[PDB]
Amino acid sequence: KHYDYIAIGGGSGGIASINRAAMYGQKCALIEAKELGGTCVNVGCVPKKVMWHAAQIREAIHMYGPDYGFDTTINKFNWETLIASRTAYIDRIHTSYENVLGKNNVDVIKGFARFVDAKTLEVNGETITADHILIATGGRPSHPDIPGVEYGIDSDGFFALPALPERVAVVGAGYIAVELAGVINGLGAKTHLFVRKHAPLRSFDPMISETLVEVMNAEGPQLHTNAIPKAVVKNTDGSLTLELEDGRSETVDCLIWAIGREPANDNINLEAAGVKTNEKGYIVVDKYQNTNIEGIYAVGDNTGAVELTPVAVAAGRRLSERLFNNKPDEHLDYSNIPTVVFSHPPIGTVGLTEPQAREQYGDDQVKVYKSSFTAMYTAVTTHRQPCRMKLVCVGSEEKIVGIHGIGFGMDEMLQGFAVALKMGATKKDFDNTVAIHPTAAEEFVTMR
Amino acid sequence: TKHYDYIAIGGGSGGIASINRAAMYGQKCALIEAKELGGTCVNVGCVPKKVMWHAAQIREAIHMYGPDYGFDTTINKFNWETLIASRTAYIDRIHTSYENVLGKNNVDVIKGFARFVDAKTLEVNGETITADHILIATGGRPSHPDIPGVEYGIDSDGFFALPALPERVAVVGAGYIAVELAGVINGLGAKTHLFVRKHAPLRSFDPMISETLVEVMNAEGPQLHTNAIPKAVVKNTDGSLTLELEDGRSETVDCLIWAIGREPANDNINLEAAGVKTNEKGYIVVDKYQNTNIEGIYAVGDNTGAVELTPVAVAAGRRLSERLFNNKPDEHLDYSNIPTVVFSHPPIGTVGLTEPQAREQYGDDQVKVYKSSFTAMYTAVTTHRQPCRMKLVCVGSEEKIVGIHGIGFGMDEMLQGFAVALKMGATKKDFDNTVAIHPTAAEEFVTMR
Ligand SMILES: Cc1cc2nc3c(=O)[nH]c(=O)nc-3n(C[C@H](O)[C@H](O)[C@H](O)COP(=O)(O)OP(=O)(O)OC[C@H]3O[C@@H](n4cnc5c(N)ncnc54)[C@H](O)[C@@H]3O)c2cc1C
Ligand SMILES: Cc1cc2nc3c(=O)[nH]c(=O)nc-3n(C[C@H](O)[C@H](O)[C@H](O)COP(=O)(O)OP(=O)(O)OC[C@H]3O[C@@H](n4cnc5c(N)ncnc54)[C@H](O)[C@@H]3O)c2cc1C
């Protein structure tokens, strides 16, 4: 069959790009091998945040509730109820995506697509062709090459767990590892986080990784630094022992590898089409998401750009705007992208870390404002938690170039500040806005 | 007589903020406070109210949302004395923090009630003190209706003094304080009734907000009673109270809270002696710079009739001290586009014009509204789904944003940054060119179509 536009992959980039193209009168197909919504709906953003809210409830009950006067017994934590509630919600989201594609008159093809040539794809026996093809195949979890690697599960396997294990080891140091260790610790399992160097989230502003270690030392998970996995041994009683190169070992009931992800660009016969990948296997794209082959584009996690859904969505929509709505220079600016990590406590960051701003503008130019306070929710309890915020300003005008915070409230406060940063906010702009009291967010507009 | 450069009558939000900033530029200052430092906000307002909102959030997490997340829990005991002890200890720590700053600033704090002797002289505890600049920042107090049995009701000060949680509670009023208190008390488990005089609470807020709030109250409490005009309160034989309305409806509760309004506390300090003029409602009249009619006397905060919020008293007090003592002859607070959060169930955040106000001021042809409505993800997996509704109000070709309104989980922390953007003159394009953060409620404002 022939189409104007085909997107291979029904994840964040594929759905956003095909719906926007279909609005401009293009006849479109979307090929998806598994579930609509991709990694973020099914094994990513959405089920992760439900599990985070579940940890938050268990912490309100068990950790903070006693100092607020609530003596509570958790009679049972029914894991199947939570998974059944999470699954029904994701099923409702699937139905909504289908409804939107249908209204848009997009043909959804369920199957695994491979290139025959630059303009031709085979899917389920059938051959289809199009003048514009978007490869938005995402990625998948990496696994280390060590003895016993196969006794560990990865983030996909975490969402498929039948019960919460008693003792859990999470290996990795990026935001996924930190979020999963934070959620599993919050639900009551004995949780260990193993990072290779001295702290998780090493690329984040120092204030953020410092505070997170602080919190972890006070409330779990148990952090183990300088940990290089060497082997995993399955024990007679079925437990696992993770061996570190330095001789340390830990015996857990479940081990999750959360070391990194790799691109899923490999069994689709890119060779036929002549699309060039880079060393790491990412599809190489220019500013405009163009591959080396005229008429083939890539967006999302398979291009090696930052691995976030809003980025695959925004790049995918701007691409359909360029191709089909004659906006020849439309493209995503990949700077000043806001990130929230659903750690305990949450992290929000946009712009340059203080080290980056100093390297780029010089210490002479950089003024940093910082605030450290106890989160009001925790201030009346014996489990007080820090909240730390930093504004990084450059020049005499103190133009804001980085906003960073860790503490309750960071997840919802950051979006509006990211709009202000994108507009070119100076410290004066923030100070001239009246605070909202009592909130964590008013700290950014009353820094001195 | 002791003589000061600057004296503030009232140690609450505006008095403390103004005196500290004056003291920073070397002015010798006195602060007179008749009760506790921090004023209404610290002692019977912002701070204890938010601590009780958190306690209602924890009881809702245990009792309402937790079972659908798989937690089967028994609340063995809700110890109110423990909650009140934690709350009170926290406020005592804040009193100490204020004392520390004022002390480091060499401000003389006088505990007693001040009254004017003439335009430059105050008497406090039999002593006389004088100053070249006097700031009246006396705040306000709860109003009470003039009807039989009003004294069987308490007001919001009395709420923070409750010795226990009553089983049945009536809150009478329709503004943000009645709404917050009724949602907290309901969240804490009491049978709660909210009585409003017309069709909905928060009638001055954008219609989307009062509408959604009614929906939520009808689904999860408090019980809302509209067109309610209190006629009398009867104390019954058993101790309960029956509130009787003008149209003949009646309700028997164990506690009744008046949260109908607040009046200025400007009536017992002998303003006459100083020559200061107040308006019909008893507020002190000030200009753009917080000047009263008497040269050298100024007023800020709730006793001027401006918007009754702590950040506004603070910002106007600090800018007044900059204008007077740090050579900024034009410094003053812009009272437009002040953001507000209401800690209702769910919270509300608003800044700028409501859709009605924007249509009246700019005409229907100029106004473009964008709206979004969805289920809060926290509640979406439970049997107690709660709406989240958001609205951007835009004007002109450029779609300049003039109002941002929302009700739903997350509105309390997301609004500050969008208020900065609105203050910067943001258009809908500026929100649209910012990359979203997923999954949040706040990303809805940058992806509206
Ligand atoms: C545990 C976890 C948590 C995360 N949390 C967040 C978060 O909270 N916020 C956030 O912004 N980001 C989050 N992310 C990242 C986000 O999920 C990704 O960045 C986003 O999904 C990437 O979009 P995409 O379009 O590139 O690919 P994907 O969503 O991965 O989708 C690609 C689709 O291609 C399909 N497919 C692959 N090859 C073929 C083929 N040849 N034929 C047909 N179909 C094919 C796949 O089945 C898949 O559905 C998270 C990721 C993980 C793993
Ligand atoms: C229940 C409730 C909840 C609220 N919640 C919020 C909120 O969450 N956020 C928010 O921004 N605002 C909130 N407010 C509003 C806020 O509390 C007020 O706007 C703020 O306190 C006003 O500051 P002020 O300086 O004008 O007066 P106040 O804080 O009231 O202080 C005035 C002070 O003057 C003292 N005084 C009076 N007369 C004399 C005298 N002659 N001599 C000596 N001392 C005297 C009083 O004892 C008092 O301490 C709330 C108010 C209430 C009642």
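Computation of the quantities below employed the complete heavy-atom set of this structure, encompassing side-chain atoms and omitting hydrogens, waters and symmetry-equivalent molecules. Residue numbers start from 1 in every chain, and the chains themselves are labelled A, B, ... in the order their sequence lines are given, proteins ahead of strands.
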Subject >> Heavy-atom pair count under 4.5 Å with chain A, highest-scoring of B:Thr73, B:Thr383, B:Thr340, B:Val312 >> reply: B:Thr73

**OP:** Count the heavy-atom pairs under 4.5 Å between each of A:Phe444, A:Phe430, A:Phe77, A:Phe417 and chain B, then report the option with the highest count.
**Re:** A:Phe77

**OP:** Please name the pair of heavy atoms, one in B:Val435 and one in A:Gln415, separated by the smallest distance, quoted to 0.1 Å.
**Re:** O-NE2, 3.1 Å

**OP:** Using a cut-off of under 4.5 Å on heavy-atom pairs, state which of A:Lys76, A:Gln56, A:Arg58 scores highest against chain B.
**Re:** A:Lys76

Original post:
If only atom types and distance count, is the side chain of A:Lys49 paired as donor or acceptor with the main-chain N or O of B:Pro439 below 3.5 Å?
Top reply: yes

Original post:
Do you know which of B:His438, B:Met414, B:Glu443, B:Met424 has the most heavy-atom pairs with chain A at a distance under 4.5 angstrom?
Top reply: B:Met424

Original post:
Quick check: are there more than 12 heavy atoms from other residues, nucleotides or ligands sitting under 6.0 Å from CZ of B:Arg449?
Top reply: no

Subject >> Where B:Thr440 and A:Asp411 come nearest, the two heavy atoms and their spacing >> reply: CG2-O, 3.4 Å

Subject >> Per-residue contact mode, B:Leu188 against chain A (heavy atom under 4.5 angstrom) >> reply: side chain

Subject >> Greater than 12 external heavy atoms within 6.0 Å of B:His332's NE2 >> reply: yes

Subject >> For A:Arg92 against B:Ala380, the heavy-atom pair lying closest together >> reply: NH1-O, 3.0 Å

Original post:
To the nearest 0.5 Å, what is the distance between CD1 (A:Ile57) and OH (B:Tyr65)?
Top reply: 9.5 Å

Subject >> B:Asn433 versus A:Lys422, closest heavy-atom pair with distance >> reply: O-CE, 3.6 Å

Original post:
Does any heavy atom of chain A fall under 4.5 Å from the side chain of B:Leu309, the backbone, both, or neither of them?
Top reply: neither

Subject >> NZ (A:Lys399) with more than 12 external heavy atoms under 6.0 Å >> reply: no

Original post:
Quick one: of B:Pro339, B:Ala61, B:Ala89, B:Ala419, who has the most non-hydrogen atom pairs under 4.5 Å with chain A?
Top reply: B:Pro339

**OP:** Go through B:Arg87, B:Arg385, B:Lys49, B:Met411 and name the one with the most non-hydrogen pairs under 4.5 angstrom from chain A.
**Re:** B:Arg385

Original post:
Relative to chain A, which of B:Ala315, B:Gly417, B:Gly66, B:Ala421 shows the most heavy atom pairs under 4.5 Å?
Top reply: B:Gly417

Original post:
Given that the side chain runs from C-beta out, which part of B:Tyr378 has a heavy atom under 4.5 Å from chain A: side chain, backbone, both or neither?
Top reply: both

Original post:
Should A:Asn75 and B:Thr74 be marked as a side chain to side chain contact (heavy atoms under 4.5 Å, CB included) after you check the CA-CA gap, both sets of side-chain angles, and the distance that decides it?
Top reply: CA-CA 7 Å; A:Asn75 299 122; B:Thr74 279; 3.1 Å; yes

Original post:
Using 30° and 60° as the class limits, which term best fits the ring planes of A:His53 and B:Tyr69: parallel, tilted or perpendicular?
Top reply: perpendicular

Subject >> Partner chain A: residue of B:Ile437, B:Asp334, B:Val446 with the largest heavy-atom pair count (under 4.5 Å) >> reply: B:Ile437

Original post:
Checking heavy atoms, do the side chain of B:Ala426, its backbone, both or neither come under 4.5 Å from chain A?
Top reply: both

Original post:
B:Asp68 and A:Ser85: side-chain donor and acceptor closer than 3.5 Å?
Top reply: no

Original post:
When you look at B:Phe409 and A:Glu412, which way does the side chain to side chain contact (heavy atoms under 4.5 Å, CB included) test go after all the steps?
Top reply: CA-CA 9 Å; B:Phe409 280 102; A:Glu412 288 298 342; over 6 Å; no

